[PDB]
Amino acid sequence: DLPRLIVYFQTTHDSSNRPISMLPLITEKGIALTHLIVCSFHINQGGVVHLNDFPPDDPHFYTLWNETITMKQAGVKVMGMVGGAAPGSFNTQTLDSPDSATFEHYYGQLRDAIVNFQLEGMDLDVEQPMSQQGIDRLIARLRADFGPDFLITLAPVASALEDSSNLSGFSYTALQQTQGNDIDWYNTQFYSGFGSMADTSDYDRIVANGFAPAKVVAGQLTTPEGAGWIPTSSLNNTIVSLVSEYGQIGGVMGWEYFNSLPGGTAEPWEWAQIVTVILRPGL
Ligand SMILES: *[C@@H]1O[C@H](CO)[C@@H](O)[C@H](O)[C@H]1NC(C)=O
Ligand SMILES: *[C@@H]1O[C@H](CO)[C@@H](O)[C@H](O)[C@H]1NC(C)=O
Ligand SMILES: [Zn+2]
Ligand SMILES: [Zn+2]
Ligand SMILES: [Zn+2]
Ligand SMILES: [Zn+2]
Ligand SMILES: [Zn+2]
Ligand SMILES: [Zn+2]
Ligand SMILES: [Zn+2]
């Protein structure tokens, strides 16, 4: 059900090392959260999968995993993301390995984490180069093992869907051609210099390059701690225009939860309330 409202949840504990609850996203009024992406999972050569600084089964994450059950009860799909800023998950030592046993070993760890933590999807946020063969295999294998209703997404930077600047090495247009039916949507990063939601031009260019609006989620920084943040009012103006063109867009994702403007660390759920008013103004 479009539009999706997706929140990345990377910072899991506050400055006092206390868990940050994800539950206000379902308990505070006026939020239509569709997906919560727990991140960032890391594949480590010679190691075990980590969620940020600890293995996901560590006591550090007891509160997190307990809360995910409640999120799912409320109708939110809980996914993981592997990759992001920290290199190591998609190189020739791990998931891009040309050694079959090495690939099976690290892939098996990812598969096992998905099963053990009862995730409903996986976002492959590839921010270092990975071969075409490697990404194609990973997606096809995930699809093979987890079935057609498991969610598989990627997080291209916006220009990577416009035949331009790309963090991932492989081609997203080639990927869409060969594995597009296995990919539910693209968490498209309109920030860091790679694209802008301040007008419709970038989103329209991506659509014209063969990526359906239903599969292009407009990614947004939730704070100006980075490059390319825009006010939600600007986001709204652009989305109104896009909807007039396409009827339905893929939705919006936010990087990342805990300190989101306007409410900050005190009230980080206010972002999701505002974006819900943008995407579903009749709710
Ligand atoms: C919930 O937390 C308890 C610790 O109080 C832990 O034993 C249990 O495994 C947790 N549940 C999940 C799904 O992680
Ligand atoms: C979005 O923009 C339209 C057109 O300017 C406006 O009517 C509406 O108030 C805006 N919605 C939100 C949630 O800001
Ligand atoms: Zn460790
Ligand atoms: Zn990132
Ligand atoms: Zn990113
Ligand atoms: Zn189905
Ligand atoms: Zn396929
Ligand atoms: Zn093109
Ligand atoms: Zn407030």
Side-chain angles (χ1 to χ4, degrees), residues 9 12-13 17-31 36 38-39 41 48-74 76-80 95 107 111-122 124 132-154 170-186 210-212 215 222-223 231-233 254 257-277:
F9 187 82
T12 58
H13 292 66
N17 203 37
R18 294 168 289 159
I20 293 163
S21 184
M22 62 183 72
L23 304 173
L25 288 166
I26 60 163
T27 61
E28 299 286 331
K29 43 267 151 298
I31 304 177
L36 188 288
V38 175
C39 60
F41 288 91
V48 298
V49 168
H50 280 57
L51 175 55
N52 306 312
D53 300 319
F54 301 92
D57 72 329
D58 194 273
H60 200 68
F61 299 119
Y62 287 161
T63 305
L64 191 159
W65 295 119
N66 274 282
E67 291 192 332
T68 66
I69 300 164
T70 308
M71 295 294 277
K72 290 186 277 190
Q73 192 173 343
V76 179
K77 302 303 177 146
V78 174
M79 298 172 63
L95 297 177
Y107 170 77
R111 175 202 63 228
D112 288 350
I114 291 161
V115 169
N116 291 332
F117 298 95
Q118 300 178 330
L119 300 177
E120 303 187 289
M122 184 60 51
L124 303 313
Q132 199 74 53
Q133 186 189 6
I135 192 61
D136 292 4
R137 172 177 62 184
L138 181 54
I139 294 173
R141 178 62 176 279
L142 281 167
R143 193 47 78 194
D145 292 353
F146 289 99
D149 291 272
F150 189 72
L151 297 175
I152 301 177
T153 63
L154 294 93
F170 62 80
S171 165
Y172 281 89
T173 50
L175 183 63
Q176 167 62 41
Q177 294 190 24
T178 56
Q179 271 76 43
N181 64 317
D182 301 340
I183 294 162
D184 298 284
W185 74 86
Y186 302 96
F211 299 93
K215 301 179 86 175
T222 61
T223 73
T232 54
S233 62
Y257 176 62
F258 86 110
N259 61 353
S260 297
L261 291 181
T265 60
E267 300 182 298
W269 55 83
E270 290 179 349
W271 184 89
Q273 294 176 316
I274 291 181
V275 182
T276 295
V277 188

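As the structure lists them, so they are numbered: ligands from 1, and atoms in each ligand from 1. By convention here, the first residue in the shown sequence is residue 1.
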Give the name of the N/O/S atom in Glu267 that lies closest to the Zn ion (ligand 9).
OE1
Looking at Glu270, the N/O/S atom that lies nearest to the Zn ion (ligand 9) is called OE2
Return the orientation label for the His13 and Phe61 ring planes: parallel under 30°, perpendicular over 60°, tilted otherwise.
perpendicular
Looking only at heavy atoms, which two atoms of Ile26 and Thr70 are closest? And how far apart?
CD1-O, 3.7 Å
Treating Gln273 as the side-chain partner and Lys29 as the backbone partner, does any N or O pair qualify as donor plus acceptor under 3.5 Å?
yes
For atom 5 (O) of ligand 1, find the nearest protein heavy atom and state the residue, atom name and distance (0.1 Å precision).
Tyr62 CD1, 4.7 Å
Does atom 7 (O) of ligand 1 have a protein non-hydrogen atom under 4.0 Å from it?
no
Which protein non-hydrogen atom lies closest to atom 2 (O) of ligand 1, naming both residue and atom, and how far is it?
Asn66 ND2, 2.3 Å
Non-hydrogen protein atom less than 4.0 angstrom from atom 14 (O) of ligand 1
yes
Quick one about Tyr107 and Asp145 (side-chain donor to acceptor, distance below 3.5 Å, no hydrogens or angles considered), yes or no?
yes
Considering only N, O or S atoms of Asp182, the one closest to the Zn ion (ligand 7)
OD2
Got a salt bridge between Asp184 and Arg143, using NZ or NE/NH1/NH2 to carboxylate O under 4.0 Å?
yes
Do the side-chain N and O atoms of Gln132 and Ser171 include a donor-acceptor pair separated by under 3.5 angstrom?
no
Hey, which atoms in ligand 1 end up nearer than 4.0 Å to a heavy atom of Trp65?
12 (C), 13 (C), 14 (O)
